[PDB]
Every structure is written in C-alpha cells, then in structure tokens.
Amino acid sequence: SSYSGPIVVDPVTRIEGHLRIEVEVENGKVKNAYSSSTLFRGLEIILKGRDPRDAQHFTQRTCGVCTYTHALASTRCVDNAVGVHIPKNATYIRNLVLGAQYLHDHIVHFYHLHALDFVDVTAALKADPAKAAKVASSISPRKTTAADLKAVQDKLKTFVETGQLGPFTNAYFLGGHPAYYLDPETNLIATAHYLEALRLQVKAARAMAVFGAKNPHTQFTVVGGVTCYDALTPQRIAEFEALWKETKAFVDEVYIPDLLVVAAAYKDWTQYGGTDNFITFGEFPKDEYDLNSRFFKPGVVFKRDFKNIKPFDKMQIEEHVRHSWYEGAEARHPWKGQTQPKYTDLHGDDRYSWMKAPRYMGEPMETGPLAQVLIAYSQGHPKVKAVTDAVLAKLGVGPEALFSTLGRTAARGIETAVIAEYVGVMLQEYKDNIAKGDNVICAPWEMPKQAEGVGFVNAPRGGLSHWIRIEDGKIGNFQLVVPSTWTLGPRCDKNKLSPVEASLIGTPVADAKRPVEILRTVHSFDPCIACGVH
C-alpha cells in the first residue's frame, strides 16, 4: 500500500517562522522537494539610509529565537567597517552571552521543537514508572525514582482526560503511528524531561540577561564594545556562573543521554537526509579580525571530502534569486546585494520562496551544528573529537552515520556539550583578565563617511554574515546572509536543490496524512524562516 502523489506541509510547525514544504512521493518515498518560505519583511530595505549604529537594533528583530546573534553580527560588522578593535573584556562578554544563547537554543530545539516527532506523549500514560525510573537512572548519573515519574504521569493523565489536549491536538502519534518506535517507558522519560526543560530553559535564558539586560533581545552591545559595567562585578559573574553550571548539568545529565536513547531507537534514521557540502564560519574569537583565532575555526567542504577542507573565501558567496520572489535572475555578492521583491505565487515563473539561494563557488552548502562539528573534528579540534567519538562509540555506529538526519541531530547535541564546557573556560579567562586590572569594556571610534564592513557569527544554525556599505556616513547597503538562508533557501540559477530539498529525497512516508518522516528531516536542520528571509 505505498502512496504516490503530492504532500504539502503548510504550516511546518515547531520551527521559527512560516515554512511550506512540498514533496512529490513515488511508491512511498520522496522523489522531489521544494522549500517555500512564505513571509517577507524586508529589513534590508528598511535599513537603507539609516545610521549604521542603529542597524543592530533593527537586525536583532530578524529573529527572537536566535535572539542576540544578529545584534552581534551587526555590531561585528560595523565594528569592522569603523576599524575599531574592541577591548578584550568586550570580546569575553560578547562570547559568553553567545555561548549561553547556544545552550538555551539547542535545549529548546531538541525538547520543544524536535522531540514530538519521535516521542508519543500519550503512550507515556501506558508506562510503568518504576521500569521507566530504572531506565532513566541507567543512562544518566542523575537518579530518578518511580515516584518522580509517576508525578509526571499523574499530571499528564489529568491533562489528557480533560479532553483538551492543547498543543498535542491532532498530533501525528495520536492513536499510534508506524514510524513512532519508542516504548512507553522511554516516552515517559522523554516527556518528563520535556516538562523539566520548560523550566530549565528559563535559567539558561536568564544567563544571557545577567550581562545582556534581557532575553529576548539583549541590549548591551555598542560599536566599540559593550555597555554593561555591572558585568565586571563579582556578583554578576557569580550569578552567570551559577546559571551556567545548572544549564551545563542539564545538558550533560538530561539532554545528551535522552538524545542518545532516542538515536539508538531510531538508528534507521542514519539512512535518510544526508547532504554533500558544508560551510562554517567559526566562533568565539580571541581576535575579532581573525576567524582562525576562533575556538571553532571556519572552513568549507565539498562532497564530504573532509580530508581536503578548503579555506573560507568570503568573496565566493553569491545569493541567487532565479527561483525566489525577487526581480530577475542575477546572483549577487552581498556587498553588491539587491532586495527587490517581486511575487509570482507558488511556482510562478519557477519561483517559490521569499528566501534567496546562497551558493558558495556555485554550490549549495549545509551550515549549522553538523557543519561546525564535522569541520572542527576534521581540523583536529580535541574537544569535538572526544565528544564525537564517545557519541559514535555509544551508538555503535561509524562516522558515515553522521551524514544523515540522525547525525545532524546528534551533532546539535555534541556542539551543545562542547560549548557548555567551553563557556567555563571563557569565564575563567574573563575572570583572570579582570584580576590583572583590565576593567575596560568599550573603545572609542569614529564613523568613516565611506567604508565596507562584514561581521561573521557562527550562530546555533550556522554561518551568519552581515554586510555593510557605508556612504556619506549612512547605510548605503546592508545585506544579511543567514544560516537558514543557506540551508533552506530554494534552488539557484543552476537548478541545484538546496540542502533541505536534496536531503528530503529518499524520505520514506508511512502515512501521507501524517508525514512525520518529512518533519524529522526538516526539523533536524532547525529551520528559522524569519532568519532566512528577513
């Protein structure tokens, strides 16, 4: 009984923003895919003519999931344009807020965005909580008892019997689903940790506000450094440290073990949603003007040739519009970018998305945790190598298993673990620096009348870049090229499928009415359509 025909998923939920996924299915497997982004705001148009200092305030509102990242990218971009070298402490504080962002973001993604593709919450009601506690205590140094899990089950039971299932209404697992494999106990463990993560993420986000004023949308960055003199104090540092420590413990004791248990039960998912090419910009600089000073280094890989990592040349990026709702067909380097909307409706003139299609030396590039992890591994990054190897050894799989939806999901966990530890290193360096008597957090600068600048951030979804042309001291052009633009943008003028589109080819679909397999792959990229389109 295998389906042949179209499937449309609109809206794709449990992502940021407005995504329409279209596939052609033949004999129960995807043979073709379109990634259609269906909201445009036009932030690049809006920025024209404004004060370059104002850009980060506008561009932070690209996205509130990956909050801060755009403020950081814009500030790095205008810092660069202006030629200011910010103080060491501004780099530490900016880096620490970014590390905290990664932890918050990836924990919410795994539990609150991804996990309902794999966890049947309502079967948790069937579980034996004593059995479940045994399983939970075996996978984590954290002891969980039967009473602990019964409390969760009792709460869920009361919720489900009220007949108001809320966010679980019409879930693809309701009633059972052949593509959902977990036993009741494991469903209960995952559900308990979903609930727990709702409160832990409050602390993970609070860590950003300690130095960064507030979450969402931090307000501590300025051209030349940061503003938060209070971040130098022992008390604020202690507060940050305490939140970081609790967040890292959750990563280490709850998220990664759950990630491994789910991956082990869905090991068939090593066979779907692979991609060919990877790009990453590096993150957590010692030197704001040298990407190779970053804890994770930039790199480019084509056709999985990790033995030949290519250097990242920022002049080889062009953004295509041939299959996008913009004027014409000409790809542009972002320093010569154009944002000229022209809507033709779905597949009108072969156009189907508000996202541009970024290509690197003409190739579609996956960016994000899998790119950052695999390129770092391949550069000999010792922390990445040790976590990655441990994960691979725990799952009983080889390296090729990483080129898949499961692999990508695993890489998101690996990066979270590695960054959670690295935050402690940065924190200590920061403390050390203060202890040497360096209490400087902002440097003076002057606005040039004419300049070009670029800022690079490796955000939780990958390589982010903001590009400015200053003219008469104002914004002459401002272009964002965002990780989800790379990953989820449409085809280019060479008709090459984007990473998400290509990864969907081969996806089995058990039940076309409930196409959870498509969600699993799409969600593994952690799409952000406000980011991708801006």
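Heads up: residue numbers just count along the shown sequence, starting at 1.
Participant: Decide which of the stretches 505-513 and 47-55 has the higher mean C-alpha B-factor, going by the entry.
Facilitator: Higher of the two, by average CA B-factor, is 505-513.
Participant: Averaged over C-alpha atoms, is the B-factor higher for 353-361 or for 382-390 in this PDB entry?
Facilitator: Mean CA B-factor is higher for 382-390.
Participant: Which of these has the highest Cα B-factor in the record: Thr405, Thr247, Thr280, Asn292?
Facilitator: Of the candidates given, the C-alpha B-factor peaks at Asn292.
Participant: Based on the PDB record, which member of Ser74, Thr218, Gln271, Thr339 exhibits the highest Cα temperature factor?
Facilitator: Highest CA B-factor of the listed options: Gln271.
Participant: Test of reading the entry: by CA B factor among the chain's modelled residues, which third contains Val261?
Facilitator: Its C-alpha B-factor belongs to the highest third of this chain's values.
Participant: Where does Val30 sit by CA temperature factor within its chain: lowest, middle or highest third?
Facilitator: It belongs to the highest third of the chain when residues are ordered by C-alpha B-factor.
Participant: For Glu400, return the chain-relative third of its C-alpha B-factor as stated in the PDB record: lowest, middle or highest.
Facilitator: As the PDB entry reports it, the C-alpha B-factor of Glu400 lands in the highest third of its chain.
Participant: Name the third of the chain's ranked CA B-factors that contains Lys494, choosing lowest, middle or highest.
Facilitator: As the PDB entry reports it, the C-alpha B-factor of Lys494 lands in the highest third of its chain.
Participant: Select lowest, middle or highest to describe the third in which the CA B-factor of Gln428 falls within its chain in this entry.
Facilitator: It falls in the top third of the chain.
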